[PDB]
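Peer 1: This is the structure I have questions about; it appears just below.
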Amino acid sequence: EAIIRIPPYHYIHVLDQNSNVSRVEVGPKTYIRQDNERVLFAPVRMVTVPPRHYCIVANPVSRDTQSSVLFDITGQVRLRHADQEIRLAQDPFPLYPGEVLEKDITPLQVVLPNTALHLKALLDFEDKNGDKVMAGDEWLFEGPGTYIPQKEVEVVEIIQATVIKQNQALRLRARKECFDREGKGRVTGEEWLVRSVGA
Amino acid sequence: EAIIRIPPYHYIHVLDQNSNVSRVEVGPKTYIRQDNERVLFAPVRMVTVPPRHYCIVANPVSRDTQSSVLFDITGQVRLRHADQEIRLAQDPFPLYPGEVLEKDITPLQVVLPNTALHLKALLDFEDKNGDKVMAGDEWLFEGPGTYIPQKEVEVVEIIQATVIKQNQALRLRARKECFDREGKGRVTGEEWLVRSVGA
Amino acid sequence: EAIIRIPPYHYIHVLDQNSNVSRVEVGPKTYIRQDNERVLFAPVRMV
């Protein structure tokens with residue numbers, strides 16, 4: 001059917017069968033298609049993101065200074081084929097051609113007061129404070145709070161703080177050459193003891 | 001049938017099959033539909049809220065300064081796709097398009113004099129007094145009274161105050177680093193004793 | 001069919017089934033009709 005039935009917060013993709021340009025048409029409009037706006041898929045929901053949630057979209061659209069979705073000379077959208085994008089709470093964002101939802105809608109990542117996250121960088125990048133990060137650095141997201149799940153970082157594990165009662169101690173074994181809480185250099189495998197009470 | 005039979009406190013949804021605009025038509029009126037006001041569902045009751053009750057409506061309508069239901073340029077209602085809304089006692093409110101009743105009609109939440117509610121914030125928000133709240137803070141709704149059930153907070157559990165008779169005491173174990181009633185810093189797992197008589 | 005195929009020097013009549021208004025639509029345009037622009041007759045020559 002040449003008439004297409006797009007609800008107010010839905011969109012579809014149309015291919016220009018004369019110039020290969022795929023472009024997303026969003027409602028609200030009762031749209032008409034010739035065979036230069038050939039429909040690809042259905043007006044299906046195109047679900048949005050609830051507040052304090054996040055999504056990973058693969059091959060995102062390049063955005064200008066004003067965060068404007070860029071297009072090519074032919075009119076095709078400007079993608080980031082070698083990147084992803086983390087979408088936080090926002091409008092029912094349009095899925096431009098090539099933009100495939102890498103990881104679907106999901107709740108956020110909140111950490112308990114007495115736990116931590118093993119945040120390991122997968123690829124080289126610079127943090128918001130901007131000092132330096134290797135390709136494979138590991139740091140510890142601390143206690144009560146919430147992390148912003150990024151594409152350059154990965155949560156290796158959740159680490160529950162071990163309760164140390166009085167008249168007890170913890171035997172720590174370093175996996176790599178490093179320092180400790182007090183400032184004593186620890187070589188790999190050198191087991192030491194911490195007597196601090198608490199968690 | 002082109003004639004539609006809307007009782008005084010009922011409403012339905014009509015789609016404009018020319019511009020995709022879905023809009024709610026409320027009685028009282030014997031309404032007439034062309035194929036630009038195509039009916040979606042029945043004039044079924046559209047139940048209201050009794051006093052001192054609450055409902056959760058998903059994807060609520062955006063409201064202006066005068067709490068006016070906003071519409072888009074095309075005429076479609078302005079929703080909050082990434083939010084909910086708590087509706088207290090009021091008129092048989094109209095369910096605008098997209099507005100789906102997340103949680104149906106229910107009684108309120110009243111607390112016994114010797115019990116409390118474990119109110120944990122699920123998402124970051126600011127309370128009415130407006131000081132600060134984390135994404136995962138926990139506080140205790142106190143005894144005799146009634147809480148206003150919000151979307152940003154969750155009742156983890158109901159906690160009945162434990163009766164402490166004279167010549168008796170309670171062994172309290174802190175789950176996290178914190179303070180106590182008297183002002184003594186308690187580390188995780190450090191069991192202490194409270195000898196106050198009462199509940 | 002909701003899509004109507006009007007040659008450059010042809011025209012048809014459309015009735016607004018909501019207000020009875022009949023009005024002539026002339027090409028050239030590949031016109032679209034809802035049931036407020038109901039076509040009456042063909043795009044025939046109109047000599």
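Chain labels run A, B, ... following the order of the structure tokens; each chain numbers its residues from 1, and ligands are numbered from 1 in the order shown.
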Is it possible to get the superposed chain B, fitted on chain A over all Cα pairs by sequence order, as a PDB file with C-alpha atoms, in the first residue's frame?
Peer 2:
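Everything below was put into part-v3.pdb:
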ATOM      1  CA  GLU B   1       0.000   0.000   0.000  1.00  0.00           C
ATOM      2  CA  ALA B   2       1.250   3.464  -0.959  1.00  0.00           C
ATOM      3  CA  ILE B   3      -0.409   5.022   2.125  1.00  0.00           C
ATOM      4  CA  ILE B   4       1.477   4.421   5.379  1.00  0.00           C
ATOM      5  CA  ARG B   5      -0.022   4.770   8.847  1.00  0.00           C
ATOM      6  CA  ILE B   6       2.553   6.242  11.241  1.00  0.00           C
ATOM      7  CA  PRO B   7       1.388   6.912  14.831  1.00  0.00           C
ATOM      8  CA  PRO B   8       2.607  10.117  16.519  1.00  0.00           C
ATOM      9  CA  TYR B   9       5.678   8.629  18.221  1.00  0.00           C
ATOM     10  CA  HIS B  10       6.665   6.032  15.613  1.00  0.00           C
ATOM     11  CA  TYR B  11       8.949   6.092  12.587  1.00  0.00           C
ATOM     12  CA  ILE B  12      10.085   3.914   9.677  1.00  0.00           C
ATOM     13  CA  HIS B  13      12.869   3.813   7.088  1.00  0.00           C
ATOM     14  CA  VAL B  14      12.441   4.671   3.407  1.00  0.00           C
ATOM     15  CA  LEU B  15      14.924   3.838   0.652  1.00  0.00           C
ATOM     16  CA  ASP B  16      15.251   6.116  -2.373  1.00  0.00           C
ATOM     17  CA  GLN B  17      15.442   3.436  -5.064  1.00  0.00           C
ATOM     18  CA  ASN B  18      17.082   6.020  -7.357  1.00  0.00           C
ATOM     19  CA  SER B  19      19.962   7.139  -5.096  1.00  0.00           C
ATOM     20  CA  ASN B  20      20.186   4.403  -2.395  1.00  0.00           C
ATOM     21  CA  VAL B  21      19.534   7.049   0.287  1.00  0.00           C
ATOM     22  CA  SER B  22      17.878   5.449   3.297  1.00  0.00           C
ATOM     23  CA  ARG B  23      16.258   7.974   5.591  1.00  0.00           C
ATOM     24  CA  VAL B  24      13.996   7.746   8.625  1.00  0.00           C
ATOM     25  CA  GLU B  25      10.517   9.266   8.413  1.00  0.00           C
ATOM     26  CA  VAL B  26       8.876   9.941  11.782  1.00  0.00           C
ATOM     27  CA  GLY B  27       5.242  10.718  12.497  1.00  0.00           C
ATOM     28  CA  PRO B  28       2.828  12.231  13.040  1.00  0.00           C
ATOM     29  CA  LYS B  29       1.793  12.130   9.368  1.00  0.00           C
ATOM     30  CA  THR B  30      -0.216   9.869   7.056  1.00  0.00           C
ATOM     31  CA  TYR B  31       2.621   9.479   4.642  1.00  0.00           C
ATOM     32  CA  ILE B  32       2.575   8.581   0.948  1.00  0.00           C
ATOM     33  CA  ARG B  33       5.277   6.555  -0.787  1.00  0.00           C
ATOM     34  CA  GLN B  34       6.318   6.405  -4.410  1.00  0.00           C
ATOM     35  CA  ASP B  35       9.023   4.030  -5.549  1.00  0.00           C
ATOM     36  CA  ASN B  36      11.571   6.584  -4.407  1.00  0.00           C
ATOM     37  CA  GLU B  37      10.504   6.309  -0.745  1.00  0.00           C
ATOM     38  CA  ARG B  38      10.159   2.521  -0.538  1.00  0.00           C
ATOM     39  CA  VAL B  39       9.216   1.435   2.988  1.00  0.00           C
ATOM     40  CA  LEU B  40      11.585  -0.998   4.712  1.00  0.00           C
ATOM     41  CA  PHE B  41       9.890  -2.113   7.950  1.00  0.00           C
ATOM     42  CA  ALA B  42       6.782  -1.580  10.060  1.00  0.00           C
ATOM     43  CA  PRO B  43       5.709   1.450  12.141  1.00  0.00           C
ATOM     44  CA  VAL B  44       6.298  -0.791  15.185  1.00  0.00           C
ATOM     45  CA  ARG B  45       6.560   0.903  18.593  1.00  0.00           C
ATOM     46  CA  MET B  46      10.223   2.006  18.516  1.00  0.00           C
ATOM     47  CA  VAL B  47      10.353   1.888  22.297  1.00  0.00           C
ATOM     48  CA  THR B  48      11.817   4.786  24.292  1.00  0.00           C
ATOM     49  CA  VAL B  49      13.969   4.912  27.439  1.00  0.00           C
ATOM     50  CA  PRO B  50      12.571   5.342  30.981  1.00  0.00           C
ATOM     51  CA  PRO B  51      14.296   7.765  33.373  1.00  0.00           C
ATOM     52  CA  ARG B  52      17.595   6.675  34.927  1.00  0.00           C
ATOM     53  CA  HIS B  53      17.970   3.969  32.275  1.00  0.00           C
ATOM     54  CA  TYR B  54      20.411   3.562  29.405  1.00  0.00           C
ATOM     55  CA  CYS B  55      20.712   1.926  26.001  1.00  0.00           C
ATOM     56  CA  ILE B  56      23.636   1.006  23.754  1.00  0.00           C
ATOM     57  CA  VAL B  57      23.074   1.868  20.090  1.00  0.00           C
ATOM     58  CA  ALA B  58      25.562   0.425  17.616  1.00  0.00           C
ATOM     59  CA  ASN B  59      26.936   2.526  14.746  1.00  0.00           C
ATOM     60  CA  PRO B  60      25.480   5.829  15.993  1.00  0.00           C
ATOM     61  CA  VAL B  61      24.889   8.968  13.973  1.00  0.00           C
ATOM     62  CA  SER B  62      27.582  11.630  13.911  1.00  0.00           C
ATOM     63  CA  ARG B  63      26.482  14.858  15.579  1.00  0.00           C
ATOM     64  CA  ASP B  64      27.689  18.400  14.929  1.00  0.00           C
ATOM     65  CA  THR B  65      28.478  21.111  17.486  1.00  0.00           C
ATOM     66  CA  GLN B  66      24.746  21.703  18.026  1.00  0.00           C
ATOM     67  CA  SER B  67      24.262  17.905  18.313  1.00  0.00           C
ATOM     68  CA  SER B  68      22.525  17.859  14.929  1.00  0.00           C
ATOM     69  CA  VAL B  69      22.180  14.557  13.069  1.00  0.00           C
ATOM     70  CA  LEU B  70      24.451  14.996  10.054  1.00  0.00           C
ATOM     71  CA  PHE B  71      23.773  13.851   6.494  1.00  0.00           C
ATOM     72  CA  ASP B  72      26.074  13.165   3.558  1.00  0.00           C
ATOM     73  CA  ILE B  73      26.197  14.922   0.187  1.00  0.00           C
ATOM     74  CA  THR B  74      23.846  12.296  -1.266  1.00  0.00           C
ATOM     75  CA  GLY B  75      21.550  12.772   1.741  1.00  0.00           C
ATOM     76  CA  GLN B  76      22.468   9.588   3.614  1.00  0.00           C
ATOM     77  CA  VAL B  77      22.855   9.995   7.370  1.00  0.00           C
ATOM     78  CA  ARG B  78      26.391  10.325   8.758  1.00  0.00           C
ATOM     79  CA  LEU B  79      27.009   7.278  10.944  1.00  0.00           C
ATOM     80  CA  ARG B  80      29.794   6.222  13.310  1.00  0.00           C
ATOM     81  CA  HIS B  81      30.366   2.698  12.006  1.00  0.00           C
ATOM     82  CA  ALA B  82      33.352   2.195  14.330  1.00  0.00           C
ATOM     83  CA  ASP B  83      31.673   3.390  17.523  1.00  0.00           C
ATOM     84  CA  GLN B  84      28.659   2.934  19.785  1.00  0.00           C
ATOM     85  CA  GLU B  85      26.594   5.396  21.788  1.00  0.00           C
ATOM     86  CA  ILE B  86      25.139   5.394  25.298  1.00  0.00           C
ATOM     87  CA  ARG B  87      21.645   6.916  25.273  1.00  0.00           C
ATOM     88  CA  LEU B  88      20.310   8.065  28.648  1.00  0.00           C
ATOM     89  CA  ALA B  89      16.792   9.263  29.487  1.00  0.00           C
ATOM     90  CA  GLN B  90      15.430  11.253  26.539  1.00  0.00           C
ATOM     91  CA  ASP B  91      12.684  11.374  23.888  1.00  0.00           C
ATOM     92  CA  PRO B  92      11.688   8.357  21.744  1.00  0.00           C
ATOM     93  CA  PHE B  93      14.870   8.886  19.718  1.00  0.00           C
ATOM     94  CA  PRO B  94      14.751   8.028  15.995  1.00  0.00           C
ATOM     95  CA  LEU B  95      16.733   5.026  14.787  1.00  0.00           C
ATOM     96  CA  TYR B  96      18.486   6.358  11.695  1.00  0.00           C
ATOM     97  CA  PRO B  97      19.565   3.907   8.969  1.00  0.00           C
ATOM     98  CA  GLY B  98      22.468   1.740  10.069  1.00  0.00           C
ATOM     99  CA  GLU B  99      21.776   2.629  13.701  1.00  0.00           C
ATOM    100  CA  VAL B 100      21.017  -0.770  15.248  1.00  0.00           C
ATOM    101  CA  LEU B 101      20.142  -1.106  18.935  1.00  0.00           C
ATOM    102  CA  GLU B 102      23.198  -2.994  20.184  1.00  0.00           C
ATOM    103  CA  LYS B 103      21.800  -3.653  23.670  1.00  0.00           C
ATOM    104  CA  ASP B 104      18.095  -3.282  24.395  1.00  0.00           C
ATOM    105  CA  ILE B 105      16.363  -1.305  27.168  1.00  0.00           C
ATOM    106  CA  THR B 106      17.688  -2.181  30.616  1.00  0.00           C
ATOM    107  CA  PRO B 107      17.737  -0.829  34.179  1.00  0.00           C
ATOM    108  CA  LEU B 108      20.704   1.188  35.396  1.00  0.00           C
ATOM    109  CA  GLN B 109      23.570  -0.126  37.574  1.00  0.00           C
ATOM    110  CA  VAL B 110      23.261   0.895  41.235  1.00  0.00           C
ATOM    111  CA  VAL B 111      25.809  -0.273  43.819  1.00  0.00           C
ATOM    112  CA  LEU B 112      25.084  -1.222  47.442  1.00  0.00           C
ATOM    113  CA  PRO B 113      26.794   0.820  50.198  1.00  0.00           C
ATOM    114  CA  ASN B 114      29.236  -2.006  51.039  1.00  0.00           C
ATOM    115  CA  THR B 115      30.092  -3.135  47.510  1.00  0.00           C
ATOM    116  CA  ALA B 116      32.213  -1.914  44.614  1.00  0.00           C
ATOM    117  CA  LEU B 117      32.592  -2.389  40.868  1.00  0.00           C
ATOM    118  CA  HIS B 118      35.731  -3.633  39.104  1.00  0.00           C
ATOM    119  CA  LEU B 119      35.759  -1.026  36.337  1.00  0.00           C
ATOM    120  CA  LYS B 120      38.272  -2.107  33.687  1.00  0.00           C
ATOM    121  CA  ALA B 121      38.864   0.021  30.613  1.00  0.00           C
ATOM    122  CA  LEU B 122      38.573  -2.066  27.456  1.00  0.00           C
ATOM    123  CA  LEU B 123      39.902   0.545  25.012  1.00  0.00           C
ATOM    124  CA  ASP B 124      42.076   3.625  25.433  1.00  0.00           C
ATOM    125  CA  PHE B 125      40.033   6.700  26.346  1.00  0.00           C
ATOM    126  CA  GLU B 126      40.080   9.802  28.529  1.00  0.00           C
ATOM    127  CA  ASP B 127      37.891  10.227  31.605  1.00  0.00           C
ATOM    128  CA  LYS B 128      35.839  13.328  32.394  1.00  0.00           C
ATOM    129  CA  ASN B 129      38.499  14.712  34.743  1.00  0.00           C
ATOM    130  CA  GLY B 130      40.997  13.963  31.968  1.00  0.00           C
ATOM    131  CA  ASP B 131      44.326  12.772  33.358  1.00  0.00           C
ATOM    132  CA  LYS B 132      45.135   9.475  31.572  1.00  0.00           C
ATOM    133  CA  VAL B 133      43.815   5.927  31.101  1.00  0.00           C
ATOM    134  CA  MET B 134      45.602   2.948  29.535  1.00  0.00           C
ATOM    135  CA  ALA B 135      43.903   0.479  27.204  1.00  0.00           C
ATOM    136  CA  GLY B 136      43.589  -1.969  30.092  1.00  0.00           C
ATOM    137  CA  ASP B 137      43.584  -0.033  33.361  1.00  0.00           C
ATOM    138  CA  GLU B 138      41.531  -1.268  36.302  1.00  0.00           C
ATOM    139  CA  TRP B 139      39.998   0.890  39.018  1.00  0.00           C
ATOM    140  CA  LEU B 140      37.289   0.453  41.637  1.00  0.00           C
ATOM    141  CA  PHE B 141      33.933   2.192  41.470  1.00  0.00           C
ATOM    142  CA  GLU B 142      33.254   2.949  45.135  1.00  0.00           C
ATOM    143  CA  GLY B 143      30.302   2.383  47.448  1.00  0.00           C
ATOM    144  CA  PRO B 144      26.873   3.985  47.650  1.00  0.00           C
ATOM    145  CA  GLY B 145      26.093   5.680  44.357  1.00  0.00           C
ATOM    146  CA  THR B 146      25.434   4.908  40.710  1.00  0.00           C
ATOM    147  CA  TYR B 147      27.827   4.578  37.777  1.00  0.00           C
ATOM    148  CA  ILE B 148      27.123   5.814  34.260  1.00  0.00           C
ATOM    149  CA  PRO B 149      27.633   2.708  32.078  1.00  0.00           C
ATOM    150  CA  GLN B 150      30.050   3.643  29.306  1.00  0.00           C
ATOM    151  CA  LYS B 151      31.126   1.757  26.193  1.00  0.00           C
ATOM    152  CA  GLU B 152      34.863   2.113  26.907  1.00  0.00           C
ATOM    153  CA  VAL B 153      34.592   0.517  30.370  1.00  0.00           C
ATOM    154  CA  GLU B 154      33.436  -2.907  31.536  1.00  0.00           C
ATOM    155  CA  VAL B 155      32.325  -4.167  34.945  1.00  0.00           C
ATOM    156  CA  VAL B 156      34.514  -7.236  35.455  1.00  0.00           C
ATOM    157  CA  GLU B 157      32.853  -8.129  38.754  1.00  0.00           C
ATOM    158  CA  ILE B 158      30.906  -6.912  41.757  1.00  0.00           C
ATOM    159  CA  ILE B 159      33.037  -6.982  44.912  1.00  0.00           C
ATOM    160  CA  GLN B 160      31.298  -7.138  48.281  1.00  0.00           C
ATOM    161  CA  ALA B 161      33.386  -5.576  51.044  1.00  0.00           C
ATOM    162  CA  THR B 162      34.536  -8.276  53.446  1.00  0.00           C
ATOM    163  CA  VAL B 163      33.545  -7.697  57.062  1.00  0.00           C
ATOM    164  CA  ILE B 164      36.523  -7.753  59.428  1.00  0.00           C
ATOM    165  CA  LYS B 165      35.496  -8.117  63.052  1.00  0.00           C
ATOM    166  CA  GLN B 166      37.783  -7.062  65.874  1.00  0.00           C
ATOM    167  CA  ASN B 167      40.441  -9.657  66.722  1.00  0.00           C
ATOM    168  CA  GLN B 168      40.371 -10.637  63.042  1.00  0.00           C
ATOM    169  CA  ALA B 169      42.394  -9.754  59.964  1.00  0.00           C
ATOM    170  CA  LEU B 170      42.389 -10.277  56.208  1.00  0.00           C
ATOM    171  CA  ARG B 171      45.127 -12.020  54.221  1.00  0.00           C
ATOM    172  CA  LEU B 172      45.528 -10.073  50.980  1.00  0.00           C
ATOM    173  CA  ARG B 173      47.514 -11.446  48.042  1.00  0.00           C
ATOM    174  CA  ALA B 174      48.526  -8.997  45.328  1.00  0.00           C
ATOM    175  CA  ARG B 175      48.029 -10.217  41.766  1.00  0.00           C
ATOM    176  CA  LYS B 176      50.417  -7.588  40.357  1.00  0.00           C
ATOM    177  CA  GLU B 177      53.184  -5.258  41.488  1.00  0.00           C
ATOM    178  CA  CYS B 178      51.437  -2.377  43.212  1.00  0.00           C
ATOM    179  CA  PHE B 179      51.025  -0.423  46.443  1.00  0.00           C
ATOM    180  CA  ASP B 180      48.659  -0.928  49.381  1.00  0.00           C
ATOM    181  CA  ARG B 181      46.426   1.188  51.606  1.00  0.00           C
ATOM    182  CA  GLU B 182      49.265   2.207  53.940  1.00  0.00           C
ATOM    183  CA  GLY B 183      51.853   2.769  51.200  1.00  0.00           C
ATOM    184  CA  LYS B 184      53.971  -0.395  51.274  1.00  0.00           C
ATOM    185  CA  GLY B 185      55.057  -1.673  47.869  1.00  0.00           C
ATOM    186  CA  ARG B 186      53.650  -5.157  47.258  1.00  0.00           C
ATOM    187  CA  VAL B 187      55.148  -7.466  44.647  1.00  0.00           C
ATOM    188  CA  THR B 188      53.113 -10.111  42.844  1.00  0.00           C
ATOM    189  CA  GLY B 189      52.022 -12.950  45.111  1.00  0.00           C
ATOM    190  CA  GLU B 190      53.388 -11.353  48.299  1.00  0.00           C
ATOM    191  CA  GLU B 191      50.691 -11.995  50.886  1.00  0.00           C
ATOM    192  CA  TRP B 192      50.280  -9.341  53.572  1.00  0.00           C
ATOM    193  CA  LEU B 193      47.761  -8.809  56.364  1.00  0.00           C
ATOM    194  CA  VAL B 194      45.322  -5.977  57.084  1.00  0.00           C
ATOM    195  CA  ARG B 195      43.987  -5.634  60.634  1.00  0.00           C
ATOM    196  CA  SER B 196      41.573  -2.717  60.140  1.00  0.00           C
ATOM    197  CA  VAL B 197      38.173  -3.428  61.696  1.00  0.00           C
ATOM    198  CA  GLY B 198      34.972  -2.735  59.786  1.00  0.00           C
ATOM    199  CA  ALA B 199      34.152  -3.654  56.179  1.00  0.00           C
TER     200      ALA B 199
END
Peer 1: Within chain B, find each residue whose DSSP state, derived from the backbone, is strand (DSSP E), and express the selection as an MDAnalysis selection string.
Peer 2: chainID B and resid 3:6 11:15 22:26 29:32 38:39 53:58 84:87 100:107 109:111 115:121 138:141 145:147 153:160 170:173 191:194
Peer 1: With only C-alpha atoms as the counted atoms, please give the residues lying no more than 10 Å from residue 11 (chain C), apart from itself and same-chain residues fewer than 5 positions off, as a list in words.
Peer 2: residues 5, 6, 24, 25, 26, 27, 28, 29, 41, 42, 43, 44, 45 and 46 of chain C
Peer 1: Write out, as a compact mmCIF listing (two decimals), in the first residue's frame, the residues just selected, with C-alpha atoms.
Peer 2:
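The resulting file, again.txt, is reproduced below:
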# COMPACT_ATOMS: atom_id res chain seq x y z
CA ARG C 5 -3.55 9.49 -10.94
CA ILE C 6 -4.43 12.87 -12.45
CA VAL C 24 -12.79 20.10 -8.23
CA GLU C 25 -9.16 19.03 -7.95
CA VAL C 26 -7.10 19.58 -11.11
CA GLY C 27 -3.69 18.17 -11.95
CA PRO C 28 -0.81 17.98 -12.26
CA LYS C 29 -0.45 16.13 -8.94
CA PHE C 41 -15.63 10.19 -11.11
CA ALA C 42 -12.64 9.35 -13.28
CA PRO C 43 -9.73 11.57 -14.43
CA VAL C 44 -11.24 11.23 -17.93
CA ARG C 45 -10.05 13.69 -20.60
CA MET C 46 -12.27 16.70 -19.77
Peer 1: Distance CA of residue 2 (chain C)-CA of residue 32 (chain C), one decimal place?
Peer 2: 5.6 Å
